[PDB]
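What follows is a single structure, written as structure tokens, with notes after it.
Just follow the structure's listing: the first ligand is 1, and inside any ligand the first atom is 1. Every chain is numbered from 1, with letters handed out A, B, ... down the list of sequences.
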Amino acid sequence: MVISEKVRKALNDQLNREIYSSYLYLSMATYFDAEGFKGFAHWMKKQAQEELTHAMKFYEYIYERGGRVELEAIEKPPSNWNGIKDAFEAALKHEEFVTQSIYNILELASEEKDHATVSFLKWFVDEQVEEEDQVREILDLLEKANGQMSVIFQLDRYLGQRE
Amino acid sequence: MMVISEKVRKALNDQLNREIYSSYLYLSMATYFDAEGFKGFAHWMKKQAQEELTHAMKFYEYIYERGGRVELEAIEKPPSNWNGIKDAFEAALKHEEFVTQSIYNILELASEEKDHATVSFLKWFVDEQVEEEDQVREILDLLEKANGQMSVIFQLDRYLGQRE
Amino acid sequence: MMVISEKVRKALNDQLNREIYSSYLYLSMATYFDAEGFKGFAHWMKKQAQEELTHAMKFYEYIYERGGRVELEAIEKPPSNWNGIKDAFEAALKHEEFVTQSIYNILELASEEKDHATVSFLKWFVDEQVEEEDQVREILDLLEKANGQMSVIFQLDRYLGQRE
Amino acid sequence: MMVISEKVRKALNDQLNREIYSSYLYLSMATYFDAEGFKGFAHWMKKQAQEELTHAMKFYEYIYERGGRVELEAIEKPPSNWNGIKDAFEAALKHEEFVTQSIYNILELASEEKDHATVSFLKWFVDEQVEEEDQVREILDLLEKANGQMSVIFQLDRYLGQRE
Amino acid sequence: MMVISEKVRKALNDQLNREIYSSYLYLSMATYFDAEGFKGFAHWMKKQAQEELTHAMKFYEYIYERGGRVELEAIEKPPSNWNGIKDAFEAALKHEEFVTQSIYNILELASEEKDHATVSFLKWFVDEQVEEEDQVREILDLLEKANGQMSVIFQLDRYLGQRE
Amino acid sequence: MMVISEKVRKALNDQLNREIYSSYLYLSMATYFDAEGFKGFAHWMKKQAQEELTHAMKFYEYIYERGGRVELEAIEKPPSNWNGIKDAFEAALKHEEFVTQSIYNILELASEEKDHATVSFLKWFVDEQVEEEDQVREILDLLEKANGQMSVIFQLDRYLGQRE
Ligand SMILES: [Fe+3]
Ligand SMILES: [Fe+3]
Ligand SMILES: [Fe+3]
Ligand SMILES: [Fe+3]
Ligand SMILES: [Fe+3]
Ligand SMILES: [Fe+3]
Ligand SMILES: [Fe+3]
Ligand SMILES: [Fe+3]
Ligand SMILES: [Fe+3]
Ligand SMILES: [Fe+3]
Ligand SMILES: [Fe+3]
Ligand SMILES: [Fe+3]
């Protein structure tokens, strides 16, 4: 194995955090479906799948550097939010935490002069920018919407079309 | 409003969480197979893991169709190591037969309450479990015949590595 | 909420305005070249002007992506004459090297603040600058090959007039 | 040798710089719409800005075609903040009617000098201004009817964000 | 003008000559495999040799984009013999790891000089080295499982002989 | 078992290494043309370098076809500087005439030993050398007709730069 044990641990930890992110977004989906917003729930199911592809990227990079993955327990996520906007605020807060988590691996890797891992992490830096922005844009629309059901209906239909 | 009983909703939600754990267990077998250098076996387990997620989502959508709600529970840490190829596939067979029995138990509970809609919904899973168990028994039979011979194991690994 | 610091956001916004000026400087070179008859040199500077606008719009979109705002500033009047071609293209090269250094300064600022998102975003512009600097250095080498001999300098005009 | 009067050249060069300012103004409106989170309004304005650059390039090319030369001037800092969506489009309409009058003044100067070429050339801009004022007047009428209502404003934003 | 330090141009020109030796070493490994009758292993090494040339030429073209010059140095005689298949691929892995550390040293030199253009250029090679090391490690894992068994080795020769 | 004599195998293995040196020499010439800003001439040389590698590999494969083995030798540092474009191409023609004579020497040795397989194999290179020499002579003649006229030189650079 040509990554350090400390960097293998950080990458393995982040893999498990990506799995939890997936599970959290699935849990938000369960909340949206309970509230009858099939389009919002669909957006979250697609988000969950996207998080799984991030975990598998960490998975394959670890083995590529001679390491091994160990899967850990996945914590029980919240299952309820105080309305659609509250759920997206929690999504944003979670994405920012993920970003900082990725930043911490990057700085560790840089400090150990593990350039291969620094470079690998660049894709996740850029992807985090995009994911934060998607949620921020949804939140700004919802702020403008205030309560309006007609606006919320359209947003649900639109996010219901995510590929 | 919910037209499944709370008992049947809990049994269905429990099984959804068991399907999620099944997925995680198979991903963990993949981590084992990748660590041992058998990328084909690992690929097979990653595809199996995706399959168990589709099962979880089938329970999910039926729960909502009947006015219920899903609650995701913590996922237990799976084992991450086995004593060999065969040991891992045998643990998979044992797990699948446990899943089948778990499904049988919901089926008999639904049947006792005369929830015919749920009994009928579970037929898909009864038939799928028959295929799932059989696929692992087949693999175990090929491994029994292979014995140690890496010439055979290489071809099995390549073969399972082609699963779509 | 804005997730770049106000220092980095001003550095990005300043550079956005510098890219707008670069576009205007090159259009002003196109006015010189077009006046002196060298239309091909001019068509090349109009293409370069359009390119610098795409640079500006990249800074623009990133600023909003990070929750900042863009503020457009006054654009200074650019030169409109140079002492012959090689004077102009040498002013271009010197300008692009100033752009490159300006970008480098943003990168080092972001790095010092641990704004890895802005550091990563700026890589594109580092790599582009390498290429912008080089296409000009190239043209300055060709002109110096044509001595002061006019019928070759016109030949270079026709090739730069090919830029897509 | 130049076959437009220096007075007509200056009037055309002035208008060229005015079209550049118009482009920059509409870009500044875009920065406002984007700051306010209306990406479709912002997109309309980015397309308007590109269209004003082509207007400037038509003046650019006619000037050199008649033997004149272009001199680019300083570009003033455009405003950055409007009271609300409707006020921004109202300022766009006011700006376009000012551009039209600016064009009208070139036309009547050219016509007094019997510069029939420049008169005929300006016709395209006269007809284009009629369309661009009309486009903004339509948006303003929709925004008038919407009154404050965010549901309708959102529909207009999506519609205007389709502009090709 | 050359806009890379002479220290950096030396480290890049040196690495280019190292890439050339790499190509030659793999060709020499091909000469070994072909003498042993393993045309598929030989073919893999001939493809590897060509790939190292694309690496050398990438350094080549960057050196000139930064205004530098390439000087080709003498190439040492590579080893022509190995003590079995495993020994040859182990030597290949040790060489790629040396090549990776060589690239790392250039990156740390460039970074200490704030030569961001070169730091960025070298990212491609950091990522490519990860893949190169991994392909060799994978080959060495399959070889370890094969043990000495010709029946498996012939399978591996077949697979590596497919490399495009 | 090797069915060429060791003397012929040595001569064929020496020529293989000479073809490798040819490839390296023509790349060094590329480094000179690129330093002098003639990217088309450099392109022609890089293409020639790859052509020389296909010559080396033809020798490589014939050696093994007759049961011999290839041994790669050290590659001498080539010159990197010429006193102009014509000087470099004169050095190329001189090199190809030396390659031609080296091939003649093998052919005469093989004919002495009544190695008719190898005599026949070398026919291809006799004919190819005639064309490799003619190609450089045509370039030298175009350069002579150019005299020192940078205009025509530029057209020759662009043309040779379209070599496939
Ligand atoms: Fe993620
Ligand atoms: Fe994410
Ligand atoms: Fe299942
Ligand atoms: Fe199953
Ligand atoms: Fe730029
Ligand atoms: Fe630029
Ligand atoms: Fe206009
Ligand atoms: Fe207009
Ligand atoms: Fe390499
Ligand atoms: Fe390599
Ligand atoms: Fe040759
Ligand atoms: Fe030759």
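Side-chain polar atoms of B/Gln15 and B/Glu19 form a donor-acceptor pair below 3.5 angstrom. Between the side chains of A/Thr30 and B/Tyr60, no donor N or O sits under 3.5 Å from an acceptor N or O. Checking B/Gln135 against B/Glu131 by side-chain atom types alone, no donor-acceptor pair falls below 3.5 Å.
For the Fe ion (ligand 1), the nearby protein N/O/S atoms, meaning those under 2.8 Å, are A/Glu18 OE1, A/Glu51 OE1, A/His54 ND1.
Here the rule is ring-ring contact (aromatic ring centres under 6.0 Å, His included) with B/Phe89, and of B/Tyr32, B/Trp82, B/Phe33 only B/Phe33 fits it. Among C/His55, C/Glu132, C/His95, the one residue that satisfies the side chain to side chain donor-acceptor pair (under 3.5 Å) test with C/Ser22 is C/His95.
Heavy-atom neighbours of A/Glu60 CD from other residues, nucleotides or ligands within 6.0 Å: above the threshold of 12.
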